[PDB]
Amino acid sequence: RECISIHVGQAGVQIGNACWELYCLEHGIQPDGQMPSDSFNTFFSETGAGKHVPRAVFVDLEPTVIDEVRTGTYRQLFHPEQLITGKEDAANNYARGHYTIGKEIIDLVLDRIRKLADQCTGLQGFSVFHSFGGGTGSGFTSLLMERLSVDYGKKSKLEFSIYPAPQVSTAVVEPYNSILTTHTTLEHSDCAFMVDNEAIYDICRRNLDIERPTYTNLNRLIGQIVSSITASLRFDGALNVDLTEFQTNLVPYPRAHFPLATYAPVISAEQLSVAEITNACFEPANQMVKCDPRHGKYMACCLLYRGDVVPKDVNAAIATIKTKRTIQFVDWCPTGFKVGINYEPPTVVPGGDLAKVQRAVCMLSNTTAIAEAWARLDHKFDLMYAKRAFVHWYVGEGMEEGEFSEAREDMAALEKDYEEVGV
Amino acid sequence: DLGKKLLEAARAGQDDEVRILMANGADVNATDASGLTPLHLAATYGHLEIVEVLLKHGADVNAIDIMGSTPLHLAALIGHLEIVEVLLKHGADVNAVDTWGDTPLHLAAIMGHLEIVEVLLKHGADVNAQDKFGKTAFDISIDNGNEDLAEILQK
Amino acid sequence: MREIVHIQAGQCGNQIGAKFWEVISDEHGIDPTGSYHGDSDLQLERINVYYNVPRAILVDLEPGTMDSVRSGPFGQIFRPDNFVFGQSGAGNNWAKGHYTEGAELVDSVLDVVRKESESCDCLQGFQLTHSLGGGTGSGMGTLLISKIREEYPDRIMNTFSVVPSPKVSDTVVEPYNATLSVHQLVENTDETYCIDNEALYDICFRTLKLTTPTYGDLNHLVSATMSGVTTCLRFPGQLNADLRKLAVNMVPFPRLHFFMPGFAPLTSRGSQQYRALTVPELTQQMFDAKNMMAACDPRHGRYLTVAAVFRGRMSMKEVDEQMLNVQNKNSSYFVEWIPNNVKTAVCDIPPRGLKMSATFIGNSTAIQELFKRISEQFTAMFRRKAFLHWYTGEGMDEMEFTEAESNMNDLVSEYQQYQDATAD
Ligand SMILES: Nc1nc2c(ncn2[C@@H]2O[C@H](COP(=O)(O)OP(=O)(O)OP(=O)(O)O)[C@@H](O)[C@H]2O)c(=O)[nH]1
Ligand SMILES: Nc1nc2c(ncn2[C@@H]2O[C@H](COP(=O)(O)OP(=O)(O)O)[C@@H](O)[C@H]2O)c(=O)[nH]1
Ligand SMILES: [Mg+2]
Ligand SMILES: [Mg+2]
């Protein structure tokens, strides 16, 4: 019944905090772990003393970020053995995350995962949170995913990748790191939700009304949308009740397993209808990955409503969009939109710039227009690899230069795989 | 893969698990390794309710496999009179030939399914159809001393 | 990636070195006795980087320099053991610093380096200040670097090397010494800030209108630059946080790691700055070649990578806008095949005596101009074979000069290649 979450690099770790902050508010769980109040034990385990502990591992090749976890609001929530830190970071280098530094700590990390999996009876699989451009996030994750495909091979693994964006980008080589992990993590991931930090930036500047967002701003918005996807697993809905169903509903091709997530509504803290929010799911401005689905074919599409929702309003709003817009599907797909509803209201953080809304929706749709995002990375990659720029850093940390090309071909092949489906 | 679960379901005969798999959009005309559709498997192992469900959701009644076996071939071989009549009602090819040159009438005659022989005949089965060796269903009744089948073949 | 071990070698090394410790001790709120009298946590957040008391080793063959440091303002704070000094001086002979006399002492220095590294939670790398036209700072410094490089290959090597210019010393052997030293730095250091005395004089003379600049005047510009480039390292911040990440986003090709630093606004020694600059004004001290600490014209080449550090309270929105502006309004000057090669970071704590400031670290191919000047002076000297008996007598071979000459010219050619490169 149980799902294990893993957080790799600052991105994973800090988005993790935002998600487990938000999970504990949605489940009425206290910062100390207590609860004055099952479906939610998919994510949490239980102590003999009435304390509810997350089924989570935090990993970073450097203390600073995870140190703030275990001296913060939720320091008591996690067991200290779950929070793992090295000393030398990967320094924005996939090679160090995967080869040089990652091998020094991979075994300790896999060991601490076994301790959480041993507590579980019918383990489903893994949720994995990590950046693309980060050295740890790219290199170590891809390594950990390889090794989880051995030590737990017969079960699911889901990604929550943070797609890079120059507005918050810390490194020049982030295209490299993105391509390198996506190549080596392609075969080992069953489904993967990309999060373009540019879209999250754009959304927070427009709909949250912030001049220069911070990471807290972006992570909170992101955690809201992650909660919307994992709500089906935490409250026992009708749709997407276990990790296999994500692949069944959204993945009709092992490789092409990258859904576009769209979330409405994002209301500043300074109500809409069911129809209004469902139209916003087909507005590009509210997507998590910047692309144009109008330029692409849908392989599948799920709608996860939560809150004050009448099942008939949904069917009206669906028929509205199925008639009054031209959402092109592939011919070999069930042309019907899958739906599920969870009547509990979207929780926000007390203090949050995001307002409590009466109802909300998160549309998960495996459109071929998301290939546009791969094209933007591949292009940036090509410019730098044309001059072998920054390549010596990678090659000097245990990586063969060939691996660059093998990865790029796998990304070129993936761009062809998206094309042939959509023609 | 939902097309492989539907193949397994139609074979093992889990009527509910066929309906469920079809409710998630499973491929009704999915082939296994040797080209066998779920209709092949349901008609082989005598699962009448699954046969009628697949036919009503757009299964190719005349789908062949790697050996040219139609569902009517396999139903008449195993001796499923109920399914033979359902297949014919959905426009099955009574005189389909397979890689060995046999028609459904050949297989029902060899296995002694006299009631199915009579049904096939009344739907215009070709008594003069020959197999590879050159033998008709009537030749099979003569060569195998089967006077009950010889009589039903000339009725 | 926490602690940094600092080294200063030779006269110049300990001069701009001590000046650097003066500047960042104030900024972090440390007095000469070594006690915190600040009033902010953003000051002691990453004090562990440069301090324990400085993590600084002082080196010179010239024993007099010992006292010039301790008799300075913050001279009391440095650990007595970390002073390592020879009996005689090198006398502008790179060979004496690298092979003979400087080599005799280098072991004693490595013993102290080891001692300071031994008690580090997690070392980042090293930081050496020195001049290149000297005998000790160049010859023994480069020998120290290699000796550390091989004893600590898992660490960064970061130098603040100052280039000789006839405008500051008429010694003609400096082209030899600096050429030999550049032949070392291109092979032995991950990143090197090129401090050009030619440019320091031209700034004190022409922009600051001082008819006779002293070392102190040139050293003021340097110490302020160093605190600027080390702002990311010393205060909390997302971007260019540690030495390795910096070099990762600054150095695309291992040999081309010579940064052209420059910062703004340019102030005199303790002058009054009534009018504080605006964000667009600071931003327009980047291409402004009168703010470069290296005597090169960024207009004459192309930027491979750029790091901008804005210090003070100001609009992060406006800085982003101005930087995004100045990049695309001069798009032909930034290399196209490295996307998002310019990176900007802000620190709220301004430098001493200024309300706002901005430092501009750039890997510009124009730096080839600097290496051109050194090589032409080297070749003019070397073709007449002047003063070679100094170096050869100390065990050097005439061949070495040819190799260093050729190797610097390869370094110039490489910069010229990537300048003329195209994305197409
Ligand atoms: N949305 C979001 N993005 C983040 C967050 N933290 C980092 N990022 C992005 O992730 C990318 C890589 O940074 P990190 O994840 O911190 O790198 P890392 O995984 O720690 O790897 P190393 O630091 O190199 O060892 C950058 O482009 C950041 O923009 C976060 O909390 N939220
Ligand atoms: N900017 C600056 N340059 C110096 C200083 N002292 C010496 N130099 C330069 O360094 C070179 C002389 O080397 P020096 O460091 O004095 O010799 P060393 O003691 O053997 O290392 C010449 O190019 C001088 O112009 C100083 O205090 N500041
Ligand atoms: Mg990190
Ligand atoms: Mg001296």
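Following Swiss-Prot, chain A shows residues 2-38, 47-279, 285-437, kept in their order.
The way this entry was determined, per its header, is X-ray crystallography, 3.6 Å.
Heads up, the Cβ atoms here are built off N, Cα and C, so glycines get one too.
Annotated features, as they stand in Swiss-Prot:
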ACT_SITE  A:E254  active site
BINDING   A:10-12, A:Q15, A:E71, A:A99, A:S140, A:143-146, A:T179, A:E183, A:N206, A:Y224, A:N228, A:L252  GTP binding site
BINDING   A:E71  Mg(2+) binding site
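Annotated features taken from Swiss-Prot, shown on the structure.
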{"residue": "A:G10", "record": "GTP binding site", "DSSP (3 states)": "helix"}
{"residue": "A:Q15", "record": "GTP binding site", "DSSP (3 states)": "helix"}
{"residue": "A:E71", "record": "Mg(2+) binding site", "DSSP (3 states)": "coil"}
{"residue": "A:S140", "record": "GTP binding site", "DSSP (3 states)": "strand"}
{"residue": "A:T145", "record": "GTP binding site", "DSSP (3 states)": "helix"}
{"residue": "A:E183", "record": "GTP binding site", "DSSP (3 states)": "helix"}
{"residue": "A:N228", "record": "GTP binding site", "DSSP (3 states)": "helix"}
{"residue": "A:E254", "record": "active site", "DSSP (3 states)": "helix"}
Any idea what the Cα distance is from A:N228 (GTP binding site) over to A:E254 (active site), rounded to a whole Å? 26
Have a look at the binding-site residues A:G10, A:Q15, A:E71, A:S140, A:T145 and say which one has the shortest Cα distance to the residue listed as 'active site'. A:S140
Can you tell me how far the Cα of A:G10 (GTP binding site) sits from the Cα of A:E71 (Mg(2+) binding site), in Å? 9
State the count of C-beta atoms found within 10 angstroms of the C-beta of A:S140 (GTP binding site), not counting that atom itself. 30
May I ask you to pick out the binding-site residues among A:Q15, A:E71, A:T145 with a CB closer than 8 angstroms to chain C's CB atoms, ordered by sequence, or 'none' if no residue qualifies? A:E71
Nearest of the binding-site residues to A:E71 (Mg(2+) binding site) by CA-CA distance, picking from A:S140, A:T145, A:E183? A:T145
Of all the recorded positions given, A:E71, A:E183, A:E254, which has the fewest Cβ neighbours within 10 Å once its own Cβ is left out? A:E254
For A:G10 (GTP binding site), just count the other CB atoms lying within 10 A of its CB, please. 30
Taking the Cβ of A:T145 (GTP binding site) as centre, how many other Cβ atoms lie within 10 Å? 33
Can you tell me which of these recorded positions sit near ligand 3, meaning the Cβ is under 6 Å from at least one of its atoms: A:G10, A:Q15, A:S140, A:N228, A:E254? A:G10
Mind giving me a neighbour count for A:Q15 (GTP binding site)? Other Cβ atoms within 10 Å of its Cβ, every protein chain shown. 25
Packing count at A:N228 (GTP binding site) (other Cβ atoms within 10 Å of its Cβ): 23
